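Engineer: What follows is a single structure, and I will ask about it in a moment.
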Amino acid sequence: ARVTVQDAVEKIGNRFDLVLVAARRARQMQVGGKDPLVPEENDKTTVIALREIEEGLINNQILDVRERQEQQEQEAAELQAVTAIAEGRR
Amino acid sequence: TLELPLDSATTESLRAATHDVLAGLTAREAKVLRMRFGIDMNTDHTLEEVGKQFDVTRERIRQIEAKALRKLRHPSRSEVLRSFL
Amino acid sequence: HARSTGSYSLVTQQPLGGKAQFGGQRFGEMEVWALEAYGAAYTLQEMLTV
Amino acid sequence: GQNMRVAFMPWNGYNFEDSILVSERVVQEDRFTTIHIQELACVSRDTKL
Amino acid sequence: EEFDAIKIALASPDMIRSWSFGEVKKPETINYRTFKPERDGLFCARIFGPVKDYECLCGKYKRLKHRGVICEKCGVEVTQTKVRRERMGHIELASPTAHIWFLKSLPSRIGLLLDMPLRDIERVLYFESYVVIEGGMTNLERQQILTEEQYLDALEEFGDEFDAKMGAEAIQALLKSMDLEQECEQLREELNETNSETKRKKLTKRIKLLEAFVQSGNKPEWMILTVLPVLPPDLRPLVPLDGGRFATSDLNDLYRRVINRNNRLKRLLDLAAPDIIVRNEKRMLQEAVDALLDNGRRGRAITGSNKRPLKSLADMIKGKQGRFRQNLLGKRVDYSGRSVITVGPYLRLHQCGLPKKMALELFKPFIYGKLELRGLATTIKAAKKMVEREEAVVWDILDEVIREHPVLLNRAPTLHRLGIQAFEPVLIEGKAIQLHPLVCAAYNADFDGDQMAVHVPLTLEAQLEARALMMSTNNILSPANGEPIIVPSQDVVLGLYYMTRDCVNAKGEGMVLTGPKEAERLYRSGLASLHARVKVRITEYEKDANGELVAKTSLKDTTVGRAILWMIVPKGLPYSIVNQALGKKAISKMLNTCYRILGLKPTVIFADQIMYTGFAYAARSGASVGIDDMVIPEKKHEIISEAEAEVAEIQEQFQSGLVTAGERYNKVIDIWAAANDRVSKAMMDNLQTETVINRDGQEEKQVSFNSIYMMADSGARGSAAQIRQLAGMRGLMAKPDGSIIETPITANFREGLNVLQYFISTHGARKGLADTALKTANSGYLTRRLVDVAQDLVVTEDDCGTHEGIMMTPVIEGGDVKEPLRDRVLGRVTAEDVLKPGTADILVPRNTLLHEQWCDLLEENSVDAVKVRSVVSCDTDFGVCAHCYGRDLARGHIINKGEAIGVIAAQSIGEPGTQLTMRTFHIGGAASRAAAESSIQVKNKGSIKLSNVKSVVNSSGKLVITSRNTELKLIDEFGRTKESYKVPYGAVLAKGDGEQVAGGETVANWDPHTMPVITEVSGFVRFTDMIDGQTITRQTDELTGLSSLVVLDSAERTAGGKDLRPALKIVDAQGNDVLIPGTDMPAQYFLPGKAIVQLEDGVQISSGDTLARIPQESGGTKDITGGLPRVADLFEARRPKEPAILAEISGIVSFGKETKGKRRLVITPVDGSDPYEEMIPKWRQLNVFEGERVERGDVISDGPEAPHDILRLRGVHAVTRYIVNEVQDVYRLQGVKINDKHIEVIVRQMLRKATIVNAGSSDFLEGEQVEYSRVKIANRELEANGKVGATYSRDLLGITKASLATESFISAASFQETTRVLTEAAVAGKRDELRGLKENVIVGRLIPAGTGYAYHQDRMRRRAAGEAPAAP
DNA sequence: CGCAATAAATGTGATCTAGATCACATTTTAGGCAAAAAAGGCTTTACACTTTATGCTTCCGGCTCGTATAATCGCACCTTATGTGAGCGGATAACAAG
DNA sequence: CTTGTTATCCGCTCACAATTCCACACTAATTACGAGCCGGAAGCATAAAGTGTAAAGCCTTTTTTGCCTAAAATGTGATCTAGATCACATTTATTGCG
């Protein structure tokens, strides 16, 4: 099947939870660049192509979870505020 | 009247990048056209443009513009003027 | 047949299919409830808007 | 149609459901060639231009 | 960003005047010359804005220099072409006109509040001259009309002023001249003074509506539209098509007409015309206005040229031209592909193949995103000219661009959810989509030329969900039952059944060390199993050799094939498989237990080696076909011999004249239809003895395979019916009508069928593709009702607040009569601590789950009530927690927060519907079903014991019976019933109570050919007006020879013989008819036709003698049906097509017959007061016998039962269990298994409403949530102490109607009846919140459930990884 | 002090190029400075732009008026025949109460 | 006997079609005309102040060209010491072992 996928649903007593754990955060990593990701480059997927590795994926960040934190409206309020992101050419 | 997503990214990059490479050109001829309608309003004043740069007369009012036109060929990857028609 | 980009209407504003360009598979309602059963979210609102 | 030989015997999975493999020698003799033919036409107009 | 709540309120001319800029008077549209709109026309730019970007219509401002400045000559601002779809206009109507959305929308809103009823006055005045009163002289009526004949007579004398007025002119002046404050109190005092039928009937809708106008900031005089907004030109464009022509909408015509309707009634009729024509005109205006707003309500509008239903406004809006249901629901995907489907052995269980070229087309916007980052391209535009349409196309990063981007394979139709699964796309050379062979069982499709489309997720969020639940490696088990849906097909099972093959047929057990040694045949403990012992499993095969293998620290005697797959299982998880031929069914129970303890990974790995060794040995079989391979069983000539014996005696008796052609027309079928079934069974019996590797078949392609037996036993493909047409006979066909061919067609395809015998074989071949043309249509109609209602039935939290007492106690006395099942208790945490008999420490914890093994202990000794948290016993507002439910079924754990048990439960019972719907035809008129059993016998040993039996000595000399509830059971040493039987009425017993019997011995034998009639009491015989040759005559039998008096029917009687009813009454010693204590009805035992008697007038008869006997026949409509119409009966709470009247008062059973069938009151229960009596057709089958303590609500007859009938007593905890289990009955006979917890979630929805019986001070329409029995019923003396008691009653409405009376207005609007809810919520102003499901799909926002719910959206996993915790 | 064994270090000396010399006469090198050929400079004169007042003419364009006219009326012939059940108000017959 | 409300019945207006993609091919009838009228524009040349274009008329600045020749870089080859070169034969010194 896939790598470390059935291990994330057995470690915690829920499946629908793991979804947003690697959803509202994963899609947020791209719209925020890549700097917000402070963990080491160890927890990262591997893509075999041209004798090198690219992309990034996820499902390898879920380790230190918690109950109550932030609401749900600020997730994309101060995120797109600190970093605007765009696309320019020479 | 409503551009599709296909050319939506093309038309956007064809009207906001020329004024960047325009600075890299002879100050005199470039500043005449740029600092006239691009920063202000209305172009071609003749007896007023002669006192805007404080130099020549009303002859180069047509020459400078023409000399500049052929210089607009420079912006290849960047474009702005080629869209109005 | 396969379509990725094409023309769109005015008041309707939906994917069509001309001659040179292909046609887009209309996501029938029959495939909507089958998705709601899983209890998804974002993958349901996308097949309605953008 | 026509008549061909056949070694009636399954082929390791490749022939699952109504799946059939065909020898390359049959293609070499191009015995299965069908001409479709379409229809194109150019019309001149009296445009205002 | 997003949308929250929506506010709705009436529209006022003051508000519409704001958006509008002017009024249109000129019907003229635009010009064909300069293509410029006309001034003050329909498409005028003065009000609707400019036509082109930053430019007027004349030509005063063209250049972009003018950011936005109005013209002094034109009067038009300078804006873009987008502001055209916004803003509106109006039209000053000289003549007032009531709206249509507030007139036909009962209750009325423009007349009801004006004292006007609803139709008997506010519809006739609109037509011809009907002068109605609107004011009043001195205390008059406000409903009475006025005839024109009495009009000219009420002007001068005899009358006063009389405020006369026409039609539409008299409706707006009233609204402005009325006080809601005073008028409200005028009708409030009229609810007890007069009867509730003459006035109050209507007044009930007076206080309700008015109350809304007061609470909200509205006003009665807003329903009248003095002006009418104009639809934006963007919704009604006008752009030239091709050829210098144009294109306009027909809707525009509805504007050029209304103009001529008003201007005409201004300077022509309202000051010139007498009156006999001015009225007609005013009638046309109102009809021309309500037609534009909504056409189809009243007086459909027709355009000029070419008729056709003219389009209006409301019609095009919601789409009423299709009756709503067939709405425009369907959004075309911008990215999709489609091609031919093929196979791919190289693929895996979680992999799928796809065309090469298709990869570039689909992921087009994505492939360019990677080419720029690489070296292949540096600009998206430059790369666009690369892979255009030339010979420059070259492979590159196409391999890496598609690695972790799963795709959804959609193969319509799609019943459940397995129709849409996710697999990791892999590039493969070809123009077809290769699909996994093992997953073909889910898509139920063959590779004969089908077609399937594929979707591709764009957002990353969906990409994650595609590997969470959309993937196939996680959906192995079945949501419905729990058994693995994915199982070996044809080839993968063939390779396994081949390697795992023995020979059986052993002798016994012996030393055996030398001599035998025959291949790898099956044996107890001998052969090479002891001679060849090897420690390691490696060195064993090679030259084909078996012996002793070490597995699970034990000694066993199997071959290399019996431990080739059974050794790879312990590799991950150790188990134990019983020594049996591994087949398609054997693996089913294996995968199940390989998922109970562990997750999903350790189980999917086992499904890898199964495929590899599935196509390997399936290629070295060497199976073929020959002319002598179609051998025929010798048992065929053994079953025909006994058949010929009957055939050689069927024409012989026909030539004589004693047997009609019809008698032998239905006898030939009852001998050949059973001769073609035994031949197939006798064949397979031989293909499993001396040889099994036998090869048959022919030479074609489908899905079967050679070896006609090897594939039929492996469970691959090949039914006994199909095989019969190869080695057996042809069978029996059927006539186009319904009969069956006389002469059979034994001639097989081997010898060749005759020309005549082949002519009949074409008749029965037409019944094949004629009985499945309904199930293939759309069996998803069942799920079409549940989803559109239980869309809000989703888990809301983990723990509500309920205790353990008030819940649901699933009794063991349920079903039709008493047929319990583990299904109900299957997966549900217990509540109270049930004290079960036994030793100490045996009680069950009041906080533990329920497993399949844990339930086996409950339904073994308890047999009592078991307190357990159910779904309908939840104490929350809309939703059901995880504890109240149970298992997930989809996996092997408790339901997680987010499981939509309201949607999945609808599809779990909707998909099996493609296997139901049987019979539903007519072969010769079915009156009943089937039955058997003539004599009973005991196989064991014990003693005969009878319960409630009354046996005496009959005058005939037989041991008849008086009771009707006896039973023949065996009493064990413990006094427990081992077996039970049923003894028909009027049966003779050989032995009495207390007799000892043995094994294999008859204890009873009756005569199922006649139903004797015995009295219950004593008395003297008295023939009731039955004269011989006038009502009853003798009729001897040609068989028995015994003559008996047969009474004729009532319809066979003469003119005076019908007025007399045959009967046998009994009296005492005075001549008075005996009266039955309790019921109080005469003891007259009537005797209908076809009844024989052997008694004489004036004889002694005791309680037990047979007065007569009535030969039973066959009646009763088919109450055993299954499919869609059956399910759509109890759900919609509709009255079943199989009525079953149920009593209302409990008591005791007291039988009572009558000439015109049974009477009484469906077994009228006798109490201690006053019984009741009614009537019911004889088309009712008896179920409950005498001596039964039955209450109200309990099914008395058979089949379905009126939900509203039992609602009076059962309540909730009882009426729910019935409807849930009743549906599980039709799916019980089919064979499919489904948990009843999928119904307990949709039935609870019908428990949201509860009508109130006792009023007191309230009305009668009241009825909300039932979760308020702690204040409503308590509001009498304790709660608020108002001394106003008010009892209520539960209400079980239909499923569809359940979601109709929803607080939300958009809810019922998205389903049935939408024109009503949009007017009821506009007056009061309901601020509906996004809480439902379909209420979101229409607006566009994150789903208010499933993954994102209020209880789940609390916790996350962001905090910017440590850069946002200090941000809130 | 002697012994072991895989790597690094040793000599040979005739053969055949590789790298170096010199002081003076020839041949190359560098940037230098005007001239010619080219860039834009900043003049002063040759002409050309659409625009817009206008009014006069013919041709094509777009709109109405009144007049003249008969009528305010009449057969025989060709081919089909919507689907239902559910929800609703109104008209009629059977019923108990006065 | 007469009256009322109520239940059942009918015809009526009323609300109300949901299995899922694509390809090929094909398609429209009718208001009386003629003479007289005012309408727009056919695009005509006109003419002016105003504007922006388009010849090339000497100035000044840049840039390639050919130029001169003062001073520095460049072969002549036969002889001669300090340098280099190979292969793979045999001899040498390194740290320990025993």
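Residue numbers (the authors' numbering), protein chains in the order written: chain A, 2 to 91; chain B, 527 to 611; chain C, 1244 to 1293; chain D, 797 to 845; chain E, 15 to 1382.
For every residue, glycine included, the Cβ atom is placed at its ideal position computed from N, Cα and C.
#1: Is the beta carbon of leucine 740 (chain E) closer than 9 Å to that of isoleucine 754 (chain E)?
#2: Could you check how far apart the C-beta atoms of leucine 127 (chain E) and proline 234 (chain E) are, in whole angstroms? I think they sit under 8 Å.
#3: Run down chain E in chain order and give the residues with a C-beta less than 9 Å from the C-beta of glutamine 1288 (chain C).
#4: From which residue to which residue does the alpha helix (DSSP H) around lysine 371 (chain E) run?
#5: Taking its Cβ as the centre, do 16 or more other Cβ atoms sit within 10 Å of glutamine 157 (chain E), making it buried, or is it exposed?
#6: Roughly how many angstroms lie between the CA atoms of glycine 310 (chain E) and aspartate 329 (chain E), to the nearest whole one?
#7: If you compare alpha carbons, which of E:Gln435, E:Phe773, E:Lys557 is closest to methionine 466 (chain E)?
#8: How is the beta strand (DSSP E) around residue 1402 (chain E) delimited, first residue to last?
#9: Helix, strand or coil, according to DSSP, for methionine 485 (chain E) in the structure here?
#10: Closer than 9 Å, CB to CB, is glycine 1282 (chain C) near chain E or not?
#11: Measure the alpha-carbon distance for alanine 1012 (chain E) versus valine 564 (chain E) and round it to whole angstroms.
#12: Out of E:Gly1136, E:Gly989, E:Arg1194, E:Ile1352, point me to the one whose CA is closest to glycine 1129 (chain E)'s CA.
#13: Can you find a C-beta in chain B that's less than 9 Å from the C-beta of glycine 1261 (chain C)?
#14: From the DSSP output, in three-state form, read off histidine 1218 (chain E) for me.
#15: For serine 1250 (chain C) and chain E, any beta-carbon pair shorter than 9 Å?
#16: Which residue's Cα is closest to the Cα of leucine 279 (chain E): E:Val839, E:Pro110, E:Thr1029?
#17: Verify the CB distance criterion: does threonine 862 (chain E) have a CB-CB separation below 9 Å to chain B?
#18: I think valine 38 (chain E) touches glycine 103 (chain E), with their Cβ atoms under 8 Å apart; what is that distance to the nearest whole Å?
#19: Can you tell me where the alpha helix (DSSP H) with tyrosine 349 (chain E) in it begins and where it stops?
#20: Examine chain E for any beta-carbon lying closer than 9 Å to the beta-carbon of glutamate 813 (chain D), and answer yes or no.
#21: Please report how far the alpha carbon of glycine 597 (chain E) lies from the alpha carbon of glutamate 497 (chain E), in whole angstroms.
#22: Using a Cβ-Cβ distance cut-off of 9 Å, determine whether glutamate 713 (chain E) contacts chain D.
#23: Please say whether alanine 1284 (chain C) and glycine 1362 (chain E) have beta carbons closer to each other than 9 Å?
#24: So what does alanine 1245 (chain C) bridge to, in DSSP terms?
#25: Check whether the Cβ of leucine 390 (chain E) lies closer than 9 Å to any Cβ atom in chain C.
#26: Do you know whose CA, among E:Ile646, E:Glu648, E:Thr757, lies nearest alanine 675 (chain E)'s CA?
#27: Can you give me the C-alpha to C-alpha distance between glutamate 677 (chain E) and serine 670 (chain E), rounded to a whole angstrom?
#28: With H, G and I counted as helix, E and B as strand and the rest as coil, what does DSSP make of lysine 557 (chain B)?
#29: Report the option in E:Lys384, E:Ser994, E:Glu1343, E:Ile683 whose CA atom is closest to the CA atom of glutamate 55 (chain A).
#30: In chain order, which alpha helix (DSSP H) runs of at least 4 residues are fully inside the stretch 1163–1224 of chain E?
#31: Under 9 Å between C-beta atoms, does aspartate 710 (chain E) make it to chain D?
#32: Sorted by chain position, which residues of the same chain lie with C-beta nearer than 6 Å to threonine 95 (chain E)'s C-beta, five sequence neighbours on each side aside?
Structural biologist: In short:
#1: No, they are not a contact pair.
#2: That pair is a contact at about 6 Å.
#3: The answer, in chain order, is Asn1350, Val1351, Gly1354, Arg1355, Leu1356, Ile1357.
#4: Where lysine 371 (chain E) is concerned, the enclosing alpha helix (DSSP H) stretches over 370–376.
#5: That one is exposed.
#6: Here the C-alpha atom of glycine 310 (chain E) lies approximately 8 Å from the C-alpha atom of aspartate 329 (chain E).
#7: Nearest of E:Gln435, E:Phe773, E:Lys557 to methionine 466 (chain E), Cα basis: E:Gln435.
#8: Any answer about residue 1402 (chain E) is impossible in this case: the structure gives chain E only from 15 up to 1382.
#9: Note: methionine 485 (chain E) maps to strand in three-state DSSP.
#10: Yes, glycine 1282 (chain C) lies at the interface with chain E (some Cβ there is under 9 Å from its Cβ).
#11: Taking the straight line joining both Cα atoms gives about 50 Å.
#12: For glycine 1129 (chain E), the nearest C-alpha among the options comes from E:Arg1194.
#13: Using a CB distance cut-off of 9 Å, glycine 1261 (chain C) does not count as an interface residue toward chain B.
#14: If DSSP states are grouped into helix, strand and coil, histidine 1218 (chain E) belongs with the helices.
#15: No, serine 1250 (chain C) does not count as interfacial toward chain E.
#16: Ranked by how close their Cα comes to the Cα of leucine 279 (chain E), the residues E:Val839, E:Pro110, E:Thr1029 have E:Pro110 in first place.
#17: Not an interface residue.
#18: Indeed, because the Cβ distance is near 6 Å, the residues count as touching under 8 Å.
#19: Note, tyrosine 349 (chain E): premise wrong, no alpha helix (DSSP H); not H, not E.
#20: Residue contact with chain E for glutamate 813 (chain D): present (Cβ-Cβ distance below 9 Å to some residue of chain E).
#21: When only Cα atoms are considered, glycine 597 (chain E) and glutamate 497 (chain E) end up about 16 Å apart.
#22: Cβ-Cβ to chain D under 9 Å: yes for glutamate 713 (chain E).
#23: Taking 9 Å as the Cβ cut-off, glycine 1362 (chain E) and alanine 1284 (chain C) qualify as a contacting pair.
#24: DSSP output for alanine 1245 (chain C) lists E:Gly351 as bridge partner(s).
#25: For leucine 390 (chain E), the answer is no, since every Cβ of chain C falls outside 9 Å of its Cβ.
#26: When the alpha-carbon of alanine 675 (chain E) is set against those of E:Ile646, E:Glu648, E:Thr757, the nearest one is in E:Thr757.
#27: As the crow flies, the alpha-carbon of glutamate 677 (chain E) is around 14 Å from that of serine 670 (chain E).
#28: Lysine 557 (chain B) falls in the helix class under three-state DSSP.
#29: Taking only the C-alpha atoms, the option nearest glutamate 55 (chain A) is E:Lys384.
#30: Runs of alpha helix (DSSP H) with 4 or more residues, each lying fully within the stretch 1163–1224 of chain E, are found at 1217–1220, listed in chain order.
#31: With 9 Å as the cut-off, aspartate 710 (chain E) does not count as an interface residue toward chain D.
#32: Closer than 6 Å at the Cβ level, and outside the excluded window around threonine 95 (chain E), lie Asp67.
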